[PDB]
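Novice: Take this structure first; my questions come after.
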Amino acid sequence: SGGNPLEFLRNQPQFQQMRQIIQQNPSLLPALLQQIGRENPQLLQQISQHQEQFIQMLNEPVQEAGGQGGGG
(Lines give C-alpha, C1' and ligand atoms only; values in the text may rest on other atoms or scores of the structure.)
Protein backbone atom coordinates (compact mmCIF):
# COMPACT_ATOMS: atom_id res chain seq x y z
CA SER A 1 0.00 0.00 0.00
CA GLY A 2 2.76 2.39 0.85
CA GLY A 3 5.09 3.17 3.67
CA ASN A 4 3.30 5.35 6.20
CA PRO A 5 1.56 3.53 9.07
CA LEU A 6 -2.02 4.57 8.38
CA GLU A 7 -1.19 4.63 4.67
CA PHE A 8 -2.00 0.91 4.53
CA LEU A 9 -5.60 2.01 5.19
CA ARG A 10 -5.67 3.32 1.61
CA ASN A 11 -6.46 -0.27 0.60
CA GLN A 12 -8.67 -1.18 3.56
CA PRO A 13 -12.34 -1.02 2.44
CA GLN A 14 -13.48 -0.73 6.06
CA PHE A 15 -11.46 2.43 6.47
CA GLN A 16 -12.72 3.66 3.10
CA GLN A 17 -16.05 4.22 4.88
CA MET A 18 -14.40 6.29 7.59
CA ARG A 19 -13.01 8.63 4.97
CA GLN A 20 -16.32 8.79 3.09
CA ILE A 21 -18.08 10.50 5.92
CA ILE A 22 -15.10 12.88 6.42
CA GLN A 23 -15.34 14.04 2.78
CA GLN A 24 -18.68 15.65 3.49
CA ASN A 25 -18.92 15.63 7.25
CA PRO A 26 -15.44 15.87 8.87
CA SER A 27 -17.32 16.59 12.11
CA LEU A 28 -17.75 12.82 12.34
CA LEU A 29 -13.97 12.48 12.71
CA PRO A 30 -14.06 12.17 16.56
CA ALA A 31 -16.91 9.70 16.10
CA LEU A 32 -14.82 7.42 13.94
CA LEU A 33 -11.71 7.88 16.16
CA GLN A 34 -13.34 5.90 18.94
CA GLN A 35 -14.83 3.56 16.35
CA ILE A 36 -11.39 2.59 15.14
CA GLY A 37 -10.81 1.35 18.66
CA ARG A 38 -13.86 -0.92 18.65
CA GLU A 39 -12.84 -2.55 15.39
CA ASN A 40 -9.06 -2.29 15.66
CA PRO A 41 -7.60 -1.16 19.04
CA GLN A 42 -4.10 -1.76 17.69
CA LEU A 43 -4.77 0.56 14.79
CA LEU A 44 -6.23 3.19 17.11
CA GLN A 45 -2.86 3.29 18.89
CA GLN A 46 -1.30 4.31 15.59
CA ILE A 47 -4.11 6.76 14.96
CA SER A 48 -3.49 8.65 18.18
CA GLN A 49 0.28 8.54 17.69
CA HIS A 50 0.24 9.49 14.02
CA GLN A 51 -3.05 11.33 13.73
CA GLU A 52 -1.62 13.79 11.23
CA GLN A 53 -0.92 10.88 8.90
CA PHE A 54 -4.36 9.39 9.52
CA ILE A 55 -6.14 12.75 8.98
CA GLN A 56 -4.73 13.12 5.50
CA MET A 57 -5.89 9.59 4.76
CA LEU A 58 -9.44 10.61 5.72
CA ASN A 59 -9.24 13.61 3.43
CA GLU A 60 -8.02 11.83 0.33
CA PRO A 61 -10.53 11.05 -2.46
CA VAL A 62 -12.12 7.68 -1.90
CA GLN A 63 -13.80 5.50 -4.60
CA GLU A 64 -16.86 5.16 -2.36
CA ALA A 65 -18.60 8.55 -2.62
CA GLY A 66 -17.66 10.97 0.11
CA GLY A 67 -21.13 11.69 1.40
CA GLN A 68 -23.12 10.35 4.32
CA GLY A 69 -26.65 10.72 5.67
CA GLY A 70 -26.37 8.87 8.95
CA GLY A 71 -22.88 7.63 9.60
CA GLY A 72 -20.02 8.29 11.95
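Ligands are numbered from 1 in the order shown, chains are lettered A, B, ... in the order of the C-alpha coordinates, and residues start at 1 in each chain.
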Please, which residues in stretch 7-34 of chain A fall within 9 Å of stretch 45-61 of chain A when counting only C-alpha atoms, and what is the closest atom pair and distance in Å to one decimal for each, ordered by chain then residue number, as a tab-separated table?
Specialist:
```
residue	atom	partner	partner_atom	distance
A:7	CA	A:57	CA	6.8
A:9	CA	A:57	CA	7.6
A:10	CA	A:57	CA	7.0
A:15	CA	A:58	CA	8.5
A:16	CA	A:58	CA	8.1
A:18	CA	A:58	CA	6.8
A:19	CA	A:58	CA	4.2
A:20	CA	A:58	CA	7.6
A:21	CA	A:58	CA	8.6
A:22	CA	A:58	CA	6.1
A:23	CA	A:59	CA	6.2
A:26	CA	A:59	CA	8.6
A:29	CA	A:58	CA	8.5
A:33	CA	A:47	CA	7.8
```
Novice: Those same residues - N, CA, C and O atoms - I'd like them written as a PDB file, in the first residue's frame.
Specialist:
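Below is the file that was written, again.pdb:
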```pdb
ATOM      1  N   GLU A   7      -1.120   4.598   6.121  1.00  0.00           N
ATOM      2  CA  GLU A   7      -1.193   4.627   4.672  1.00  0.00           C
ATOM      3  C   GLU A   7      -1.692   3.290   4.127  1.00  0.00           C
ATOM      4  O   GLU A   7      -2.247   3.222   3.033  1.00  0.00           O
ATOM      5  N   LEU A   9      -4.150   1.852   5.157  1.00  0.00           N
ATOM      6  CA  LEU A   9      -5.599   2.013   5.194  1.00  0.00           C
ATOM      7  C   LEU A   9      -6.150   2.394   3.828  1.00  0.00           C
ATOM      8  O   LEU A   9      -7.343   2.240   3.569  1.00  0.00           O
ATOM      9  N   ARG A  10      -5.277   2.911   2.963  1.00  0.00           N
ATOM     10  CA  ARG A  10      -5.668   3.323   1.613  1.00  0.00           C
ATOM     11  C   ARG A  10      -6.299   2.153   0.847  1.00  0.00           C
ATOM     12  O   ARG A  10      -7.089   2.355  -0.071  1.00  0.00           O
ATOM     13  N   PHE A  15     -11.903   1.087   6.189  1.00  0.00           N
ATOM     14  CA  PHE A  15     -11.458   2.434   6.468  1.00  0.00           C
ATOM     15  C   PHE A  15     -11.977   3.390   5.408  1.00  0.00           C
ATOM     16  O   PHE A  15     -12.173   4.575   5.665  1.00  0.00           O
ATOM     17  N   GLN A  16     -12.174   2.869   4.200  1.00  0.00           N
ATOM     18  CA  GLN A  16     -12.719   3.659   3.100  1.00  0.00           C
ATOM     19  C   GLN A  16     -14.036   4.336   3.506  1.00  0.00           C
ATOM     20  O   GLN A  16     -14.347   5.433   3.043  1.00  0.00           O
ATOM     21  N   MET A  18     -14.774   5.276   6.639  1.00  0.00           N
ATOM     22  CA  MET A  18     -14.396   6.292   7.592  1.00  0.00           C
ATOM     23  C   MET A  18     -14.088   7.597   6.878  1.00  0.00           C
ATOM     24  O   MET A  18     -14.443   8.673   7.329  1.00  0.00           O
ATOM     25  N   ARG A  19     -13.408   7.479   5.762  1.00  0.00           N
ATOM     26  CA  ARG A  19     -13.012   8.632   4.971  1.00  0.00           C
ATOM     27  C   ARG A  19     -14.194   9.219   4.210  1.00  0.00           C
ATOM     28  O   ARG A  19     -14.248  10.422   3.974  1.00  0.00           O
ATOM     29  N   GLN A  20     -15.134   8.357   3.823  1.00  0.00           N
ATOM     30  CA  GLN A  20     -16.315   8.790   3.085  1.00  0.00           C
ATOM     31  C   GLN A  20     -17.080   9.852   3.848  1.00  0.00           C
ATOM     32  O   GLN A  20     -17.395  10.911   3.308  1.00  0.00           O
ATOM     33  N   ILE A  21     -17.367   9.574   5.099  1.00  0.00           N
ATOM     34  CA  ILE A  21     -18.084  10.503   5.925  1.00  0.00           C
ATOM     35  C   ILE A  21     -17.294  11.805   6.112  1.00  0.00           C
ATOM     36  O   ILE A  21     -17.874  12.869   6.122  1.00  0.00           O
ATOM     37  N   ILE A  22     -15.959  11.704   6.209  1.00  0.00           N
ATOM     38  CA  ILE A  22     -15.099  12.884   6.416  1.00  0.00           C
ATOM     39  C   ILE A  22     -15.071  13.805   5.188  1.00  0.00           C
ATOM     40  O   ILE A  22     -14.839  15.010   5.310  1.00  0.00           O
ATOM     41  N   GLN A  23     -15.328  13.245   4.016  1.00  0.00           N
ATOM     42  CA  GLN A  23     -15.344  14.037   2.783  1.00  0.00           C
ATOM     43  C   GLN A  23     -16.429  15.096   2.824  1.00  0.00           C
ATOM     44  O   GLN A  23     -16.242  16.219   2.345  1.00  0.00           O
ATOM     45  N   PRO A  26     -16.646  16.106   8.076  1.00  0.00           N
ATOM     46  CA  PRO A  26     -15.440  15.874   8.874  1.00  0.00           C
ATOM     47  C   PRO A  26     -15.716  15.988  10.372  1.00  0.00           C
ATOM     48  O   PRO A  26     -14.874  15.647  11.195  1.00  0.00           O
ATOM     49  N   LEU A  29     -15.327  12.963  12.467  1.00  0.00           N
ATOM     50  CA  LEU A  29     -13.972  12.482  12.714  1.00  0.00           C
ATOM     51  C   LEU A  29     -13.823  11.896  14.132  1.00  0.00           C
ATOM     52  O   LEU A  29     -13.403  10.752  14.289  1.00  0.00           O
ATOM     53  N   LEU A  33     -12.927   8.093  15.345  1.00  0.00           N
ATOM     54  CA  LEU A  33     -11.710   7.881  16.156  1.00  0.00           C
ATOM     55  C   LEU A  33     -11.926   6.785  17.191  1.00  0.00           C
ATOM     56  O   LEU A  33     -11.134   5.852  17.292  1.00  0.00           O
TER      57      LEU A  33
END
```
Novice: For a quick check of understanding, using only C-alpha atoms, which of A:14, A:3, A:62, A:24 has the smallest distance to residue A:39?
Specialist: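 The shortest atom-to-atom distance to residue A:39 comes from A:14.
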Novice: Using backbone DSSP assignments, extract all alpha helix (DSSP H) residues from chain A; output them as JSON, numbers by chain.
Specialist: {"A": [13, 14, 15, 16, 17, 18, 19, 20, 21, 22, 23, 24, 29, 30, 31, 32, 33, 34, 35, 36, 37, 38, 39, 41, 42, 43, 44, 45, 46, 47, 48, 49, 51, 52, 53, 54, 55, 56, 57, 58, 59]}
Novice: Measure the distance from atom CA of residue A:63 to atom CA of residue A:2 in Å and round it to one decimal.
Specialist: 17.7 Å
Novice: Can you measure atom CA of residue A:5 to atom CA of residue A:44 for me? One decimal in Å is fine.
Specialist: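 So the answer is 11.2 Å.
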Novice: Quote the spacing between atom CA of residue A:72 and atom CA of residue A:32 in Å to one decimal place.
Specialist: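 Separation between atom CA of residue A:72 and atom CA of residue A:32: 5.6 Å.
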